[PDB]
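[1] I would like to see how this sequence folds:
(8 chains, ligands or ions: 9)
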Amino acid sequence: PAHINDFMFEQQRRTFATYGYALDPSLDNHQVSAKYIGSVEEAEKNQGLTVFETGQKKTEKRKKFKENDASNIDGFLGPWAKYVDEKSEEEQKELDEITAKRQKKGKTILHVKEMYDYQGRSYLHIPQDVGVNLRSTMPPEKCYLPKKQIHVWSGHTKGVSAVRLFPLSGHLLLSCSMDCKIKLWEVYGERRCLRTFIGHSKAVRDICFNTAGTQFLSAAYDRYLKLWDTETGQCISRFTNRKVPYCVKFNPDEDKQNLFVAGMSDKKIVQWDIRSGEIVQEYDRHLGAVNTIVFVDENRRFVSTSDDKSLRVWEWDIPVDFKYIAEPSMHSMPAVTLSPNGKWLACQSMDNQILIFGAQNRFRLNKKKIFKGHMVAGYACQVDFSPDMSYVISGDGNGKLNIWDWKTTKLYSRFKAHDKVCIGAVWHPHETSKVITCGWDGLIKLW
Amino acid sequence: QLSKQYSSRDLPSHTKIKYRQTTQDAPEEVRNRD
Amino acid sequence: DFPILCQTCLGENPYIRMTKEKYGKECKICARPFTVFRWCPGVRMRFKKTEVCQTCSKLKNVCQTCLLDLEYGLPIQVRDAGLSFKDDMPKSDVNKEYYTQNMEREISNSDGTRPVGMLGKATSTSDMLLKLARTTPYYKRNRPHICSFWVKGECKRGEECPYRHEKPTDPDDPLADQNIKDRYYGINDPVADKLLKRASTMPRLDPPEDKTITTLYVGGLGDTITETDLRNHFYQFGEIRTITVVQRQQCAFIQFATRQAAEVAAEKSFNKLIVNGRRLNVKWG
Amino acid sequence: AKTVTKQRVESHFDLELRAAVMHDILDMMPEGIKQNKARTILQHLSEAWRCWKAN
Amino acid sequence: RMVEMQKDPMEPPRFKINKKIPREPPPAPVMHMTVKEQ
Amino acid sequence: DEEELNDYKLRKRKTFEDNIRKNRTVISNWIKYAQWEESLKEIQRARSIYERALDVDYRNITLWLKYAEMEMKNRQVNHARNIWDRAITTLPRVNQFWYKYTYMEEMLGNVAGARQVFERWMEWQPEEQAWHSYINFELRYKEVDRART
RNA sequence: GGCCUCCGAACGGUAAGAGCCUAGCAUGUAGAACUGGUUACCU
RNA sequence: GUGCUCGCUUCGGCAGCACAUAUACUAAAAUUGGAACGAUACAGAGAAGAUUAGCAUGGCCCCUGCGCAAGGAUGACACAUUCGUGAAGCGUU
Ligand SMILES: [Mg+2]
Ligand SMILES: [Mg+2]
Ligand SMILES: [Mg+2]
Ligand SMILES: [Mg+2]
Ligand SMILES: [Zn+2]
Ligand SMILES: [Zn+2]
Ligand SMILES: [Zn+2]
Ligand SMILES: [Zn+2]
Ligand SMILES: [Zn+2]
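    Numbers count the residues shown, from 1 in each chain, chains lettered A, B, ... in the order given. Ligands and ions are numbered 1, 2, ... in the order given. What follows is the structure:
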């Protein structure tokens, strides 16, 4: 306790607050006290001027305009008089940048300072160096199945929507994030992720590459589709339309790299002229949503699989569909992939099976080949075949890869890799040493 | 941590204490009695 | 009544007006209502107010608002990395409630001024943290928060705006996230980790260039000093072998019975010892 | 602080009878040292009460 | 200078007390059978 | 392992706590829980379990024996020493505690300690057999004068 | 010589739940780094 | 800011003096994580063979209720054969 006269307290508090010097209160500092306790520059100069006591000298008044009559209206300012004196662009920018960054965390960026190396080359342009050869003949050798996982990759805080390699040979690898992001990777187990892409509002649903390999296409739930420069990250073109766009492909044919084929939730499939950006050809025949589109023979035909439990095969750029396959039995075909020989299709039907449909003119599913060691109740997925058609690898909800022997039609191997459900599984087209998977846990793994 | 809840029962009643009086049978008498 | 405080919070003014609410807020840790104190620290300052109840401070020995130790001004993870992790305290829910209750009775029965069991430990110190402890008050800590209209470019209060107009901290820096509970328990505290990385670089203890060598290469002697300063400093350690002296470059070599003692004299000494009001610097060979 | 009431009275009386006997006798009867027939002595109680109800 | 903060008289009970957490001293020393009896 | 083992522990651990909360006492639940954590070598947990059980019923001599035993099995000599002291202090009349306490000290080699314990024990003026055991203790060493005393 | 009551509301019925998915609701916090050092003698 | 110094002394300025003495959970923001008894889905009321009336008991379970009243499914929760080791203590041949 203490019982200090309130008024003196006010005197000392204001004195210090205003000028910085106030006589110190202490009892036993020396057991006798001679000393001030302030910054003291003011104290020597100002001789302990009290706030209540008049200052010895006055300085530097600042004026505020006033009209006090009150006769005038609007006019009148009272003690409400706004100091006449007081009413960066350089900064105006940093703040904005910060805001943008924040938004992104909830505009494109470049990863790495490597840029163009040696002669002047795209990161995409050449691989040559990795053991083996990307140009490489189609069958590397009698194929192998992996045990050991090499790269986590990460980056994504959400499960990768999709994973795809690179036109020609697996030089680069490209991933789709539901955080509205797309990343490129060495694909050789190398740490570096090349250049990040950003520009979608909502999670990116699917992508496809330019057959030549320079352009790149993405489709997202934001109702937009973008064309990208793989060498700069530049959003070259954006394609409109109200419906959300599901799986999108780029015409494979050398003659018509230009045409986009986009499958829509709203039944239709639409061809887009890239140069015009205009609609070329609508396909209305399908009923219900469209899930996936492949090309059974390049240029000439493609197989669309739809929300209605049917397949529609078509010639290119012609609306009518020549062959329609449905059986009351088959539950659905969320993902369909085409063999490297161009001879077989493989659908992951919801019904927990894999169906082989002959690529050859007769699109008749064959009883001989079937796969049912794995469960996807109702998940989209990728099925791939080991080059040389020796093995088939399915990725499933439970998260365990299923490796089957095509020749012998039997689950040869199985892994419980991933702790969350796994989607796309890709066998490196040139190397038999490995496959690449992705799934909700947000990691890309190599087996 | 004392709650602001109340109850009807709790409210004041009979706040005065009836001390015994002298003819009622105050302790003073009792001490003296045989 | 009256909070527990850092000297750094309380203010740089000796005169202070401080207000009190009976049950103002829940404490963000043991989650009880407790007396809360506000005050203005200074001219441009923020009106700080106690963040945690007095008990859980006495428990981990810390300021109420800062949660930095009383003596060291170090986040708790640090001074635990400095002595004793095994204090602990349940994080989990109803335990926390229970252990707090009991420990509140235990504290009630103490002399009152003592952070419970920790103080039995708290005396033995100085390993590192003294050397990483902060020296002077740090006022940049009480500045008002960053005006969030202006940081979008708009703020329409002009100069009046009590907030602060300047660039914020890039959310990239891991030092950003800083939960309260987290800083309290000493989990993955970014600040505390940074200070740990800073601790390591202290040139100090690895020594041992060569086996058995008790030779001490002493730089920065000075020509005021005598040897007798040395001996009457170093007889604490043990049986000296000898001392070599050079005053031309002012370096003094020393030799002890065991290498252990030489390591010691390094430790105790390095960038710490000063006698004759002049720093006595040490090196190996 | 629930208050005895008409709904609860029969239950109350038998509750505090089971307790009356329990405290009294297990503080009165003992030297079983382990547990002495508390469940059992009370079952003898209810048995006897039924028997007297059936005469 | 300590000052007590003024309370708003129409302010309701701020926070919730109901929560319940389970309930001594070291025991004092106590200082206090035939087969047939058993 | 890493996670799979962990889940097992939650199911057991939680179950143990449920059993205790339901019945409160019935210290076979307390003991079984303690034993399980002991087996997993989580003996700090085990200690807390035993202390909690003691809070419920400090007079139960099986409980104390299991507690001290657990400490001894894990070579925690000084914990065991503490515990023994408590047991004899709060339940002095229980001869089982005294016999075990002296035995432990003898095994440890601390003859002086054991003697001290027995001198404490004798203050309670116990039972013929206790005195015999004290005398015999002395007679395992020569110490005839002590015996006679 | 007189003589004229009342008057209405509440629950006790539409399950009890466990789970999954998705607005809603409270906080307006505390805290954000750190420097300066020598070699010389007998066989 | 108002008034006063037979202030300097004109009516401009300046000086002295008196009076007047410390607002504010500062944000018009930014972030941060528990609940809806929604639908859907699965499943589907204690006691004994069944169908049901209920009062209770216990509290790291609540809700409605002004309530020490009463309700919430009784609110839910409550799961006959036949012995021997090992160690220690005590007395004895
Ligand atoms: Mg009912
Ligand atoms: Mg009923
Ligand atoms: Mg009821
Ligand atoms: Mg009930
Ligand atoms: Zn044609
Ligand atoms: Zn036809
Ligand atoms: Zn707290
Ligand atoms: Zn503080
Ligand atoms: Zn502002």
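[2] which SS class is whichever residue of chain D sits closest to chain F?
    Nearest residue of chain D to chain F: residue D:35, at 10.1 Å (Cβ to the nearest Cβ). Placement of C-beta: from N, CA and C, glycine included. Secondary structure for residue D:35, judged by DSSP: H, G, I helix; E, B strand; the rest coil, is coil.
[3] what's the neighbour count on it?
    Residues lying near residue D:35 (other Cβ atoms under 10 Å in any protein chain shown) number 9.
[4] doesn't residue F:62 fall inside a helix?
    Yes: Residue F:62 sits within a helix when classified using three-state DSSP.
[5] for chain B, what spans make up the helices?
    B:27-32 (DSSP state H).
[6] An error on my part: the question was meant for chain D.
    D:9-26, D:38-53.
[7] can you redo these as a markdown table with mean neighbour count and distance to chain E?
    Below are those laid out as a markdown table (neighbours: other Cβ atoms under 10 Å in any protein chain shown; distance: least, Cβ to the nearest Cβ, whole Å):
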| stretch | mean neighbour count | distance to chain E |
| --- | --- | --- |
| helix D:9-26 | 12 | 16 |
| helix D:38-53 | 11 | 16 |
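[8] These: which one's closest to ligand 8?
    Ligand 8 sits nearest to helix D:9-26 of all these, at 55.0 Å, using Cβ to the ion.
[9] For residue A:386, which non-adjacent residue is spatially closest?
    residue A:143 (4.1 Å; Cβ to Cβ, 6 or more residues apart in numbering or on different chains).
[10] I'd assumed residue A:392 was in contact with that neighbour.
    No: with contact defined as Cβ atoms under 8 Å, residue A:143 does not count as touching residue A:392 (10.9 Å).
[11] More neighbours: which of these two?
    The neighbour comparison of residue A:143 against residue A:392 (other Cβ under 10 Å) goes to residue A:392, with 27 against 17.
[12] Same question for stretch A:141-155: list its buried residues.
    For stretch A:141-155, burial by neighbour count (16 or more other Cβ atoms under 10 Å in any protein chain shown) applies to A:143, A:145, A:146, A:151, A:153, A:155.
[13] what does stretch C:255-263 give?
    For stretch C:255-263, a neighbour-count test (16+ other Cβ under 10 Å) marks C:256, C:259, C:261, C:262, C:263 as buried.
[14] my guess is the last one meets residue C:208, correct?
    Yes: taking Cβ under 8 Å as the definition, residue C:263 is a contact partner of residue C:208 at 7.5 Å.
[15] which residues sit against the helix or strand containing residue A:246?
    Here residue A:246, judged by DSSP states H and E, is contained in strand A:245-250. Strand A:245-250 is touched from outside by A:205-211, A:215, A:217-220, A:223-225, A:257, A:259-265, A:289-295, A:302, with contacts defined as Cβ atoms under 8 Å, 6 or more residues apart in numbering or on different chains.
[16] so where do the strands sit in chain B?
    Using DSSP state E, no strands are assigned anywhere in chain B.
[17] One more: chain E?
    Assignment of strands within chain E using DSSP E yields the ranges E:2-4.
[18] Closest residue of it to ligand 8?
    For chain E, Cβ to the ion, closest residue to ligand 8: residue E:2, 18.6 Å.
[19] repeat for chain B
    In chain B, the residue that lies nearest ligand 8 is residue B:1 (25.8 Å; Cβ to the ion).
[20] Which residues are in contact with that residue?
    Applying Cβ under 8 Å, 6+ apart, the residues near residue B:1 are C:32, C:33, E:17.
[21] Including neighbour count and distance to chain B, could those residues go into a markdown table?
    Below are these laid out as a markdown table (neighbours: other Cβ atoms under 10 Å in any protein chain shown; distance: Cβ to the nearest Cβ, whole Å):
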| residue | neighbour count | distance to chain B |
| --- | --- | --- |
| C:32 | 21 | 7 |
| C:33 | 18 | 7 |
| E:17 | 13 | 5 |
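[22] for residue C:24, helix, strand, or coil?
    Applying three-state DSSP: residue C:24 is strand.
[23] about what we covered before: now for the buried residues of stretch A:141-155, which pair is the farthest apart?
    Maximum pairwise distance among the buried residues of stretch A:141-155 (Cβ to Cβ): 29.7 Å, between A:143 and A:155.
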